[PDB]
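Undergrad: experimental coordinates follow, after the sequence.
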Amino acid sequence: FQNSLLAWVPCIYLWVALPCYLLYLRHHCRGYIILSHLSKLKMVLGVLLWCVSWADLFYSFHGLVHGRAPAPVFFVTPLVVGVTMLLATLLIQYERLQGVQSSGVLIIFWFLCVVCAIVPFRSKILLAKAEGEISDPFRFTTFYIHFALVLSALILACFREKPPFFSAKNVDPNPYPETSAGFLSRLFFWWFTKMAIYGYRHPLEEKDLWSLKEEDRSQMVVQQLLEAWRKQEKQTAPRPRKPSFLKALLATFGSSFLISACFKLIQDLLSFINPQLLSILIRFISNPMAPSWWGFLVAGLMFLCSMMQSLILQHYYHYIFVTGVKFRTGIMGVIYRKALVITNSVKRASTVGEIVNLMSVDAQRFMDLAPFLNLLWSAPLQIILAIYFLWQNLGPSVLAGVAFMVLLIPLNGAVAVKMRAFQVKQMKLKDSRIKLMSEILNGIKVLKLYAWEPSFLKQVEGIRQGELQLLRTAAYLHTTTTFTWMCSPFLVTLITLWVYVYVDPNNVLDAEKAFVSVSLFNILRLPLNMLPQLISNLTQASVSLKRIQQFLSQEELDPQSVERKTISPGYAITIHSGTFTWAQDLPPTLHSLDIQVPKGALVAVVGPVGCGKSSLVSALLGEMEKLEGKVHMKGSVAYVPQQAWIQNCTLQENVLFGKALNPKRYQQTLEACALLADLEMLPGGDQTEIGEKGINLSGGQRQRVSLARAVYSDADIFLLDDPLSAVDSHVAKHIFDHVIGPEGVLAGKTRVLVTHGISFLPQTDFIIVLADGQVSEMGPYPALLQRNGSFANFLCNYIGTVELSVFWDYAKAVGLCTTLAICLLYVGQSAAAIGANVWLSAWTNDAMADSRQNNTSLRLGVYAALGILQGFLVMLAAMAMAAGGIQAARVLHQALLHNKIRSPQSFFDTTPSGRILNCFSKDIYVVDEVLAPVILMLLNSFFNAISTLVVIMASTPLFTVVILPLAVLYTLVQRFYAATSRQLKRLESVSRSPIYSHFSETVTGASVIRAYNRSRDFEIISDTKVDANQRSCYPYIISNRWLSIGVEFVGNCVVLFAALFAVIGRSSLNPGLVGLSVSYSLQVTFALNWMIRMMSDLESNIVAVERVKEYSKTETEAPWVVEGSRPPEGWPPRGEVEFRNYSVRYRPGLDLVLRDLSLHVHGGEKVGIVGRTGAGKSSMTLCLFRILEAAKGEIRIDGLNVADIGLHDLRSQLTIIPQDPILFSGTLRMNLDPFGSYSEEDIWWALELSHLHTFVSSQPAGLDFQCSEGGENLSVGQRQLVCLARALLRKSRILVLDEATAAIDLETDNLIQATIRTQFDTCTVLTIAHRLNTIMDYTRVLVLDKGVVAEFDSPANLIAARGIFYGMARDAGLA
Ligand SMILES: C[C@]12CC[C@@H]3c4ccc(O)cc4CC[C@H]3[C@@H]1CC[C@@H]2O[C@@H]1O[C@H](C(=O)O)[C@@H](O)[C@H](O)[C@H]1O
Ligand SMILES: C[C@]12CC[C@@H]3c4ccc(O)cc4CC[C@H]3[C@@H]1CC[C@@H]2O[C@@H]1O[C@H](C(=O)O)[C@@H](O)[C@H](O)[C@H]1O
């Protein structure tokens, strides 16, 4: 304060200039100054002046070493200049979105900046240069740079701004509240409040999100990127390398990535202020003479400079996540414009699944790279400028310090890539298990209709046990991610202290280096343990951008192949010298073809299969490339692919397909195609969802849908490529009569047809034959009838939060003896760490007057033995918790499965089995291995934060009052976030998939999308469907920030109230305890924002356990073993069946199926049940095996009831032929005997009796032959022969046949009936009536009427009585 004390003229000015002036920017609202690059320069030069105002500040702090404490006004005024011009930069950025033609105050700002500088300048311009050479070199260079930059600021402020052209108040949806938001309210992210309130008192549905801001509508961002890629042309203005996606991607985000480097720089280069004020405070309290206001100022400025660096960081993640989302959109939308205009040979070259995999992967790989990408230059600058401080403050003993972190990184990458093969590439066991789960789910019926369930229980338990034995070795080595985060700080401190002590004996320890080091390492190791993730994402994203660049350099034949301007009059379809080839390396399918077609007539193309008929239509659409020839298409086009294309939406727009709904015309098209017959089946009618979403409409129906689309779209030329392949003749003829032919609606259309039919030919106006891709004849049908030349060839040829109870339940799964040995053991480890630190504190203070310094050889020792325990009593937690997790997964899966098979048939009847299949796939993988590490890290961060909040308390025992707000505010903000972020996570996960589902539907229908020139009006459906994703992924990004302003505010009030309370009790403390209490208070604002990044992430994964508890306790009601009351065995041979008024229904509350049925059956009595087909005799078959339980009456077999026996002993003594013979996927060994209890000779003998011995003998392995999924690789007759072989093996004395003639071939049905007559002559046989011809043979027959018996009699006598049996026998034409 000698001559430059006046430098405070500008600063305080702002603190009165800002508020009063700011109101002028609020009374007038919009303004919207346009951004000229002069504004960008005005911004960035402020940042440069800021960095020099940092350089002089750390030159002032350099005085800390070499002897003196800094002079009073040296470490205050540069740091107020460097916050005032930060405010200047922020105000520039804010008026960038305002409307001031000129400031009127910032002008005075710069004027006074020059005024307060020239007078000091005039006093040293000649008083320091001619006197010598030194002239306070750094302090003078600072003035020189400041002078140059302020002169630039003045000359840039001499300008004037353009007229506001402010705005027009267009619409009032929910606007994205960054526009129309005060500067002070867009700094603390406070404008999000008005939604976080509504995210906790209400549910959120899509209509209540932000209406996305006008900059990004997914088509003003893909426009820029696509144009930049266009700038990568051949560049008319070396090695062929012209394609360069990276250059064009970089050249369109400079204004959003170099604005996001003037924040990370300011932040990290600013965060090194706290580890210097800490040394200042420690040095202060060590001196009991300095006035207390010095300490108060240092504390109150520590808080400010540790908050304003926490507000130019949590205001940087916003700008570096919005850019990630902009990547994820700009690529998802430029991958699309190419996917619409590919050449179908390229589509042949790959699979549509991987064309999708260019999204959800390789394009979602970005936005997972943007947060880390900026770290490339931060990692050195946050190291080489943080190694300097330690090497300046602990001597060259920090070599080992950072060396341990550097060594850790490869040893944290190796045992993270070992999992990339030992934990994901060994999960083919999971795929086999889920395929087996789908195998035993689809077909559970037949498996339950008789025995063999426990065999499959064991056969899935084997793979479960194997894969869990694997995981025992796959989570044990997942305890190297807790080792880092809760042993690297302590261990590196131990190593560096040990080396520093034992390098020389005359460099004694003291607080102002040990504690500043232990607090500066904390700053060092956040942007150093997130380095392995960077080095992995760079690899797995450079592998991705390579593939994206590859897929974007392909072939497009759109520009011109079939011109549409000049057409010969009187002709509509004309080709001259038409040569068409599918691929340049393929033979030419069509050779110099010359086809001319008139206007409005009918033309068809005939010939052998694939001789050019399935290629001409492709060539006409311009899809197929041409070597020579001229084609002239006139007007609109319609095209019906052989493989119908159906959009995953409602049928009405699947037929409307983007045109105005004409009602009468729409129903005319619907009725002409005769879709009404199918339409009546649809529940929602024309508004029913269609496609992958729901019912798999038959190709014979989807072809009708596509034809209706074509005819409604009333184009002028129709192309038909075998549109009646699965459409039956009786309906196809009417389709042609009402639509295609001149008698149809399309009389005045230039229709073209590709056919394999015959009766369609005679009424055709014009026929062209084709063969070998070369035309051979042409003309009207009679011209080809009499010739019988080329035509003869084909003439002959053809939501609330989870309740706490669930958590306890999970603990019960882990085992209380373990889950009570973890929380206790973490308490132990926290005690060990807090003891180690409070021991280091008592080590530091000893050096003040220690007259026996040899004691320093002891403390260090016990330090190791006080933290190695903590470095070993957390491994005993992580290993034990991994073991508990795998054990809990084992027990939970065992219970879920072991209970689900036993569930009654009704459950699988009502449940859409695929939902059961999502479990064993997703809702148990989550429980298995993405919930135990989450437990580890949650329960680990919690005990890392309790250690801090207890150590600060124990060090400075007086700030107990302040912890009450520091808890109530924290829990309040955590509750609000846990509501809103969870809601948004759900609402974004819901809408993520429909993007990918809308893709994989346009690549396949690439050709169908064209030929209606609807491609252009089809991106506007793609981009709106990613806009509906973005508007639920922006607020998530600005809801994970508004938390970290209500957290990194508490985590800094705890720094203010640690330092200030240390100062207020200076006389009662020592430097060691204060260094401890401040060094860990500075560290808590990270270990307390890391305890919400997971305590609100586990809340979205514990739900899995919830589901695995809802899919249980489902009334097994199937006691298989009642051994105390076994029936006497060996009662097939008696073979007596006796119903006694047995009354049964499907479910309690459902209709009554059977009504007091009674019967009298003896051994060998072949009996069939007759009645009305569809009455539910299958229900009676199910009752025989107790699939449905009676409410009255019972079934007595040989004097033995069915309700007093275990289910398996019951079902084992019977024999069934299921109506659908299923074939378990795999060998024939288990498909005949999963238990393998029947010898090879018996099985071969029975297969000989099965009359499939020839086919299996022809097979190489015979019984070891592999069966495809659902037994698809064997013929139908083979399936029935397999099921009857299954029946033959067991060979009981009771048979009950079940409708083996649903849609089963008769040629093998004769064999089945003959066999079951032959070998089953000594067994009681039931039979369900699907045919009256073959039931005229059994000795006796049951007559049944939906639950009431009529008689037991022979068919010869039943027709004589002239009853229902006779009526139905006569209705079949047999009497
Ligand atoms: C990258 C993350 C943010 C920044 C942290 C970070 C920054 C810099 C740095 O050098 C190191 C680290 C360490 C770990 C990083 C966090 C992991 C998940 C999160 O990533 C995103 O967070 C978003 C949000 O809530 O804003 C979520 O919305 C997104 O879904 C999520 O992907
Ligand atoms: C980033 C982590 C989760 C969140 C914590 C966090 C969040 C927000 C925040 O502001 C600060 C911090 C501090 C440290 C962060 C953790 C370190 C490793 C972990 O990240 C790991 O990555 C693993 C992988 O994908 O291979 C996954 O298993 C898990 O996500 C996890 O184990």
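TA: Thanks, I have the structure now. Numbers count the residues shown, from 1 in each chain. Ligands and ions are numbered 1, 2, ... in the order given.
Undergrad: quick one: end-to-end distance for stretch 256-266.
TA: Start-to-end span of stretch 256-266 (CA to CA, to the nearest Å) is 16 Å.
Undergrad: pull out the buried residues from it.
TA: Across stretch 256-266, burial judged by 16 or more other CB atoms under 10 Å covers 259-260, 262-266. C-beta coordinates here come from the backbone N, C-alpha and C atoms, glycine included.
Undergrad: how far off centre is it?
TA: A distance of 30 Å separates the centroid of the chain from that of stretch 256-266, by CA atoms, centre = their mean, to the nearest Å.
Undergrad: likewise stretch 176-190?
TA: Distance, centroid of stretch 176-190 to centroid of chain: 31 Å (CA atoms, centre = their mean).
Undergrad: cool, stretch 1088-1095 as well?
TA: From the chain centre to the centre of stretch 1088-1095 is a distance of 22 Å (CA atoms, centre = their mean).
Undergrad: hmm, back to that, between the buried residues of stretch 256-266, which is nearest ligand 2?
TA: Of all the buried residues of stretch 256-266, residue 264 has the smallest distance to ligand 2: 15.1 Å, by CB to the nearest ligand atom.
Undergrad: list the residues that contact that closest one.
TA: The contact partners of residue 264, by CB atoms under 8 Å, 6 or more residues apart in numbering, come to 313, 316, 374, 378.
Undergrad: got the residues you listed as JSON lines, with neighbour count columns?
TA: As requested, the contacts of residue 264 are arranged in JSON lines below (neighbours: other CB atoms under 10 Å):
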{"residue": "313", "neighbour count": "18"}
{"residue": "316", "neighbour count": "20"}
{"residue": "374", "neighbour count": "19"}
{"residue": "378", "neighbour count": "17"}
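Undergrad: the strands in the stretch 351-500 of the chain, which residues?
TA: Read by DSSP state E, counting those that start in this stretch, the stretch 351-500 of the chain holds no strands at all.
Undergrad: do the same with the stretch 751-900 of the chain
TA: With DSSP E, counting those that start in this stretch as the criterion, the stretch 751-900 of the chain has strands at 767-771, 774-779.
Undergrad: what's the answer for the stretch 601-750 of the chain, then?
TA: Using DSSP E, counting those that start in this stretch, strands in the stretch 601-750 of the chain cover 602-606, 625-633, 638-640, 717-721, 750-754.
Undergrad: count of neighbours near the closest residue to ligand 1 within the stretch 51-200 of the chain?
TA: Among all residues of the stretch 51-200 of the chain, residue 189 sits closest to ligand 1, at 11.2 Å; criterion: CB to the nearest ligand atom. Using other CB atoms under 10 Å, residue 189 is surrounded by 21 other residues.
Undergrad: and the one 3 residues further on, by the same measure?
TA: By other CB under 10 Å, the residues close to residue 192 number 24.
Undergrad: cool, the one 10 residues further on as well?
TA: The local packing count at residue 202 equals 11, with neighbours defined by other CB under 10 Å.
Undergrad: what does residue 407 give?
TA: 11.
Undergrad: can you pull the contacts of it?
TA: Per CB under 8 Å, 6+ apart, neighbours of residue 407: none.
Undergrad: pull the contacting residues for the one residue in the stretch 1151-1300 of the chain that gets nearest to ligand 1.
TA: Per CB to the nearest ligand atom, residue 1269 is where the stretch 1151-1300 of the chain lies closest to ligand 1, at 37.3 Å. Applying CB under 8 Å, 6+ apart, one finds that residue 1269 lies in contact with 435, 439, 1225.
Undergrad: how does it look with 7 Å?
TA: When the contact criterion is CB atoms under 7 Å, 6 or more residues apart in numbering, the partners of residue 1269 are residue 1225.
Undergrad: look up how far ligand 2 lies from it.
TA: Distance of residue 1269 to ligand 2, given as CB to the nearest ligand atom, to the nearest Å: 34 Å.
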